């Protein structure tokens, strides 16, 4: 199924008929960071499997729902579940849910995910406001927009220089200062590693030379589809480890260590993003 105007319209029509919510804000919350979705008010839960043209996710399994409702008086739509390119999903499968958000009326997309630290000053448990990116799949002919252009959504050649909205970054930092956790919040450049192997010790060292602050396997595909169709983005990384220090000390990482960092910061991140939603223009 192509992520075109007709197919995206069929999905939006179904959703409107079931929901009655017209959202202005979309959220994609990474694994371990989804507690806010369980607190959406007056909510409506729509399994992907019932939405016309949504991608098939039964090989990977696990949860897959669209959730609509209110947070802080604002109308929102959340993607509950993982759609990452290391799983083998195509460009068209990643793009269709974001283009459905557009047709439902979304103007701002908020994204969080766990990631590895490269900048030597980043500690486990820190937050990074993403201000730019280095897209290794995109340089290497695996950009999420490779294929025919869908002209109804955006231009053939998009400019990404303002993909990460500056005022949303400033609002997120202001709320951190108000609640006295600004010492946990950094800004930086995100490297997209297609994955699913963690960055190797020698890949990490290369990334430090190249001016990368954080590295991860998510986020950039959704950022590019959003930017192509005029949706503003705020993207935040939660740092699981410092991969440069781990390379110098010969220290390993596992899945239990990463998800324990999510558990440590889940409630603060939930509070932070509730206030952001409440306050954004």
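Between two forms, the rigid core is the largest collection of C-alphas that superpose within 1.5 Å. Residue numbers count along the first chain shown, from 1.
Q: Which segment is farther from the shown form on average in 9 other deposited structures of this protein after a rigid core fit, 97-105 or 81-89, going by CA atoms?
A: With the rigid core superposed, the C-alphas that lie farther in 9 other deposited structures of this protein are those of 81-89.
Q: Core-aligned, RMS over all structures and residues: is 61-69 or 249-257 the stretch with the greater C-alpha displacement in 9 other deposited structures of this protein?
A: Once the core is superposed, the stretch further away in 9 other deposited structures of this protein is 249-257.
Q: Can you tell me which stretch has the higher mean Cα B-factor, 122-130 or 140-148?
A: Mean C-alpha B-factor is greater for 122-130.
Q: For the higher mean C-alpha B factor in the entry, choose 169-177 or 104-112.
A: 169-177 has the higher mean C-alpha B-factor.
Q: Compare the CA B factors listed in the entry for 59, 235, 239, 231 and report the winner.
A: Among 59, 235, 239, 231, the PDB entry lists the largest C-alpha B-factor for 59.
Q: Compare the CA B factors listed in the entry for 87, 199, 183, 159 and report the winner.
A: Highest CA B-factor of the listed options: 183.
Q: Using only modelled residues of the chain, where does the Cα B factor of residue 254 rank: lowest third, middle third or highest third?
A: Highest third of the chain for residue 254's C-alpha B-factor.
Q: Lowest, middle or highest third of the chain for the C-alpha temperature factor of residue 213?
A: Middle third - that is where residue 213 ends up once the chain's C-alpha B-factors are sorted.
Q: Just say lowest, middle or highest third for the CA B-factor of residue 3 relative to the other modelled residues in its chain.
A: Its C-alpha B-factor belongs to the lowest third of this chain's values.
Q: Among the chain's modelled residues, which third holds the C-alpha B-factor of residue 30?
A: It falls in the middle third of the chain.
Q: Select lowest, middle or highest to describe the third in which the CA B-factor of residue 52 falls within its chain in this entry.
A: Residue 52: CA B-factor falls in the highest third of its chain.
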